Amino acid sequence: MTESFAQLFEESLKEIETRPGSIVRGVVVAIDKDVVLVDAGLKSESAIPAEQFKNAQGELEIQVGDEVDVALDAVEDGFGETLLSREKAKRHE
Amino acid sequence: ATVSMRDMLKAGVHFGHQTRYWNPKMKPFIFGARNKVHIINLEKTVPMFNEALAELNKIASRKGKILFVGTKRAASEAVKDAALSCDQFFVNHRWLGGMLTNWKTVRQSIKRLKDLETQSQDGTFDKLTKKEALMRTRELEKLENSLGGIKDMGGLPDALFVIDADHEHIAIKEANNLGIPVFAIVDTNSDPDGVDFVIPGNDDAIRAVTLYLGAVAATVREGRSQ
Amino acid sequence: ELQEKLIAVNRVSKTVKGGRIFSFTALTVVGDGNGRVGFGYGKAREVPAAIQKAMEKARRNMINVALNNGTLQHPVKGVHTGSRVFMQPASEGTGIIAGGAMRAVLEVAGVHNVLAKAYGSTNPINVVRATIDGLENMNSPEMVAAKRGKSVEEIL
RNA sequence: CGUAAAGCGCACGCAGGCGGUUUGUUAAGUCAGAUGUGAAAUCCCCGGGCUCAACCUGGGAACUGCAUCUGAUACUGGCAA
RNA sequence: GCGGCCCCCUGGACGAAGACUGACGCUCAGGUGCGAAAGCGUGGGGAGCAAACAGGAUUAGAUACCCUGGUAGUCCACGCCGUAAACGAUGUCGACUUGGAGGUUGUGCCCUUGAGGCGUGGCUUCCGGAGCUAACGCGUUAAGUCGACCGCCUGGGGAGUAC
RNA sequence: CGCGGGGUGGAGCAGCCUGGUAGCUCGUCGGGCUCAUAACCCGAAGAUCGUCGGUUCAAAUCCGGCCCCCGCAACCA
Ligand SMILES: [Mg+2]
Ligand SMILES: [Mg+2]
Ligand SMILES: [Mg+2]
Ligand SMILES: [Mg+2]
Ligand SMILES: [Mg+2]
Ligand SMILES: [Mg+2]
Ligand SMILES: [Mg+2]
Ligand SMILES: [Mg+2]
Ligand SMILES: [Mg+2]
Ligand SMILES: [Mg+2]
Ligand SMILES: [Mg+2]
Ligand SMILES: [Mg+2]
Ligand SMILES: [Mg+2]
Ligand SMILES: [Mg+2]
Ligand SMILES: [Mg+2]
Ligand SMILES: [Mg+2]
Ligand SMILES: [Mg+2]
Ligand SMILES: [Mg+2]
Ligand SMILES: [Mg+2]
Ligand SMILES: [Mg+2]
Ligand SMILES: [Mg+2]
Ligand SMILES: [Mg+2]
Ligand SMILES: [Mg+2]
Ligand SMILES: [Mg+2]
Ligand SMILES: [Mg+2]
């Protein structure tokens with residue numbers, strides 16, 4: 001069954017949006033003291049600083065496995081790191 | 001074992017780096033470009049991935065020693081855990097330039113690690129003013145982090161499986177100098193000239209590396225179990 | 001069984017703050033006399049350490065040469081930096097006719113009969129590099145027939 | 001022939017050198033064969049004679065050239081399109 | 001080499017689309033022309049600047065650097081000169097050989113949604129691969145792979161001097 | 001004292017001749033393997049080449065002695 005990579009890839013591009021500035025729902029893969037790994041469906045899971053998850057009271061409001069809204073800033077910062085800025089996504093809110 | 005194109009696309013293998021940072025050698029494996037991003041061709045990946053698995057299966061069936069290499073913060077934990085699942089060897093922190101070509105020096109460091117750990121464990125002494133003992137334990141800890149994955153390697157490995165060939169170019173160069181075959185996940189920005197078995201795919205995503213590593217560890221255990 | 005020859009030893013200097021620091025270099029070539037020949041450089045403070053370091057380096061870094069009954073397959077030209085080397089096969093009993101640096105490498109490799117000439121700089125280090133490079137870049141009737149997709153006699 | 005000696009300060013341009021592609025013809029270059037000649041000695045090969053060798057000597061090859069004749073038409077030249 | 005603005009006369013280059021000629025081409029000894037600055041000749045002009053020169057200083061000395069003046073010259077017209085580190089220290093012409101970031105000047109297409117995106121020509125700056133190089137470096141504007149033609153080199157000094 | 005040959009990790013053999021590099025086999029300790037022992041694998045340990053010297057930039061090799069070993073040696077009532 002030669003389901004073309006061309007066919008399969010057109011479908012994938014229709015699912016996710018790759019424009020810089022789109023808010024993408026991402027899964028919390030791990031929560032470190034300073035960074036939270038958030039997958040989105042791009043080249044790499046983004047290490048988002050925990051400082052962005054701290055409320056005005058300083059608490060980390062997130063657990064592992066939650067979907068988090070992250071603003072897609074850049075897919076490739078020259079190092080294969082997908083820069084995700086959830087703090088900018090709160091502007092829409 | 002066997003991985004599917006659907007699974008690899010799900011894993012995100014097809015993504016590559018920006019177009020400007022590419023290596024023109026990679027051109028055969030590049031499907032095209034979208035949004036200034038190179039898209040690796042998975043039709044080239046799958047037969048190459050299976051073709052590499054066959055040779056790894058063969059080596060494992062000949063009691064071959066496999067060295068898993070990847071020191072990216074992304075893949076450091078995955079390579080260690082995946083390598084341990086199949087009773088093989090790994091390097092998950094900075095590759096020491098000359099681990100293979102200067103093995104005679106690394107072996108002496110292994111001897112020091114073994115002797116040092118014997119004292120702090122078998123010798124149990126630590127009755128050394130409590131400051132010389134403590135600093136000696138620090139040295140034990142330092143060597144353990146550096147050489148834990150190969151401390152019992154004994155000799156030169158029979159093959160290297162490396163994540164991010166461009167990042168770990170040094171290890172690939174030592175192997176070529178010593179004739180050791182290299183299996184490498186090669187991103188669009190990497191150089192495939194030094195790799196005997198090229199597996200073209202994304203090398204920065206934990207999902208993709210886990211896909212690669214799970215399959216390799218599964219094939220190695222099958223080759224050993226035979 | 002490996003045969004080794006010292007080609008040249010040289011004294012170098014470093015001119016440290018206190019004065020000149022003298023160290024020695026070696027040039028050695030090892031070979032099996034049957035188509036395998038390597039060369040090592042070797043550098044040390046004393047001549048014996050230098051020659052020993054060179055021989056060990058020369059035992060590895062050894063390459064294989066498609067000899068033909070102690071003679072070259074065909075004329076070859078080898079150039080490293082400023083040394084250009086020409087070697088052509090000769091009939092049995094001619095001897096090895098070549099300059100000193102080329103003499104050693106051809107003897108040790110097993111070329112019994114060769115006519116050779118060195119053009120350009122005759123610096124021993126580069127002459128040896130150039131002759132080894134030329135010998136490696138010399139193909140044989142079987143490998144050329146395999147490459148060209150034919151048989152030997154079809155090539156003759 | 002960037003820095004070691006060595007690219008005219010730059011341009012136009014006569015003589016000269018070189019010439020995309022296709023067909024026909026020619027046969028100048030080129031190629032093949034034959035013929036004449038290329039003195040003898042000398043050099044080279046196989047021999048012979050001085051007791052050996054130097055030396056002498058028989059036959060051959062060579063003298064890489066030139067001219068004429070007869071053929072070939074790939075390439076180069078001429079002519080025609 | 002060319003730098004305010006305007007007019008007049010005039011040379012080249014590039015692009016798009018189409019038509020036309022039908023090898024009409026490349027290089028070029030000698031030859032001819034152009035050729036910074038200084039300089040020369042005739043005649044003008046002369047604000048500033050400034051070799052020479054005058055003076056004041058500095059200095060062991062100061063025929064210099066520094067200061068105050070200042071002639072030729074620098075400017076115009078017409079002739080001559082014909083040389084520069086006249087340099088990319090790289091002759092002209094053609095073909096071929098991975099990439100990236102730009103600048104400048106055309107042109108085609110897509111949603112111009114709003115200076116966007118995607119192609120395709122010319123010239124140009126930087127980085128760098130193979131390759132080359134003695135090394136430094138050059139690297140599609142080559143010093144890479146080649147082809148045609150031309151100029152020049154042959155140890156340093158004597159000497160780009162003598163005749 | 002005769003002549004010849006040999007001596008090399010604890011044992012058995014290459015290495016010697018041509019001067020530059022110590023290898024092969026058993027044993028021993030440990031680990032993997034095996035349910036276990038054993039066999040097997042990964043390692044690791046163990047000679048200064050009998051010793052004394054000489055030569056040489058440099059010796060297991062080349063030179064000599066001593067020390068043994070092995071073999072031969074015409075002569076026991
Ligand atoms: Mg010379
Ligand atoms: Mg100079
Ligand atoms: Mg010069
Ligand atoms: Mg010029
Ligand atoms: Mg011209
Ligand atoms: Mg023609
Ligand atoms: Mg003509
Ligand atoms: Mg003719
Ligand atoms: Mg004659
Ligand atoms: Mg006779
Ligand atoms: Mg005769
Ligand atoms: Mg013709
Ligand atoms: Mg013709
Ligand atoms: Mg001229
Ligand atoms: Mg003037
Ligand atoms: Mg005047
Ligand atoms: Mg006047
Ligand atoms: Mg003044
Ligand atoms: Mg000049
Ligand atoms: Mg100029
Ligand atoms: Mg310049
Ligand atoms: Mg010049
Ligand atoms: Mg460059
Ligand atoms: Mg003159
Ligand atoms: Mg002059």
Side-chain angles (χ1 to χ4, degrees), chain A residues 18-21 76 78, chain B residues 17-30 32-38 61-66 86-89 103-104 106-108 110-111 113-115 117-118 122 150-158 166 169 188-194 224-226, chain C residues 1-11 22-33 36 38-62 79-84 104 107-108 110 119-123 125-127 129-130:
Chain A
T18 72
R19 324 301 113 82
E76 287 157 324
Chain B
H17 296 270
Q18 287 180 15
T19 51
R20 350 134 33 106
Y21 304 106
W22 83 320
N23 198 20
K25 306 263 184 60
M26 209 59 47
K27 193 187 63 56
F29 319 94
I30 284 302
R34 309 286 185 275
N35 203 332
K36 298 294 184 60
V37 183
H38 274 324
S61 66
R62 303 173 304 100
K63 309 294 294 184
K65 294 178 297 180
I66 310 301
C86 58
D87 299 333
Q88 295 305 310
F89 317 96
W103 175 251
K104 68 173 54 58
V106 188
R107 164 198 49 168
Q108 310 302 327
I110 297 300
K111 171 206 64 179
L113 171 62
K114 270 169 183 171
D115 285 7
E117 200 179 27
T118 289
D122 301 322
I150 61 177
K151 105 179 188 176
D152 291 328
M153 195 167 225
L156 285 177
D158 296 299
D166 185 20
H169 66 281
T188 182
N189 66 336
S190 311
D191 186 290
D193 286 5
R224 299 203 74 190
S225 183
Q226 74 204 348
Chain C
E1 61 283 330
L2 292 185
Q3 181 181 15
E4 49 199 353
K5 302 215 170 189
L6 61 156
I7 300 186
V9 55
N10 194 32
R11 191 183 71 158
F22 296 96
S23 90
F24 295 87
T25 84
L27 183 62
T28 193
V29 174
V30 312
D32 72 331
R36 295 196 62 85
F39 89 96
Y41 192 34
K43 185 177 179 63
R45 291 291 292 265
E46 278 109 3
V47 189
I51 52 84
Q52 193 80 354
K53 214 174 308 175
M55 298 298 191
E56 207 290 327
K57 204 174 305 304
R59 301 204 179 285
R60 186 201 52 262
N61 188 25
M62 191 160 58
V79 45
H80 187 54
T81 60
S83 33
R84 299 159 188 85
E107 275 181 327
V108 124
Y119 300 110
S121 72
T122 60
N123 197 318
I125 321 171
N126 296 136
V127 171
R129 248 153 189 269

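Per chain, numbering begins at 1; letters A, B, ... match sequence-line order. These values consider heavy atoms only, across backbone and side chains, with no hydrogens, waters or symmetry-generated copies.
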Same-atom distance (P) from E/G33 to E/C76, integer angstrom: 25 Å
For the side chain of C/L2, counting heavy atoms from C-beta on, which of E/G99, F/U21, F/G20 is nearest? F/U21
On the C1'-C2'-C3'-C4' criterion (positive north, negative south), the furanose of F/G7 is south
When the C1' atoms of E/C66 and E/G79 are considered, how many whole Å apart are they? 43 Å
Report, one pair per line, the protein and nucleotides 33-36 of chain F atoms (nitrogen or oxygen only) whose separation is under 3.5 Å.
none

Quick one: C/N61 CG to F/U21 P, roughly how many Å, whole number? 19 Å
Starting the side chain at C-beta, find the nucleotide from E/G99, F/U21, F/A58 nearest to C/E4. F/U21
Using a cutoff of under 3.5 Å, can you pull out all pairs of nitrogen or oxygen atoms linking the protein to nucleotides 124-134 of chain E, with atom names and distances?
unit_1, atom_1, unit_2, atom_2, d
E/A134, OP2, C/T81, O, 3.3

Pairing string of RNA chain E (Watson-Crick or G-U wobble, both atom distances under 3.5 Å; | = paired to other strand) is ........................|||...||||....((((((...((...((((.........))))...))))))))..........((((((..((.(((((((((.....))))))))).))...((..||)).....)))))).|............
Please pick, from F/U21, E/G99, F/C57, the nucleotide with the shortest atom-to-atom distance to any side-chain atom of B/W22. E/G99
Contact class for B/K36 vs. all strands (heavy atom < 4.0 Å): base, sugar-phosphate, or nothing? sugar-phosphate
What is the nucleic acid contact for B/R20, judged by heavy atoms within less than 4.0 Å: base, sugar-phosphate only, or nothing? sugar-phosphate
Which whole number of Å gives the distance between the P atom of E/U125 and that of E/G30? 32 Å
To the nearest angstrom, the CD-P distance between C/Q3 and F/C17 comes to 14 Å
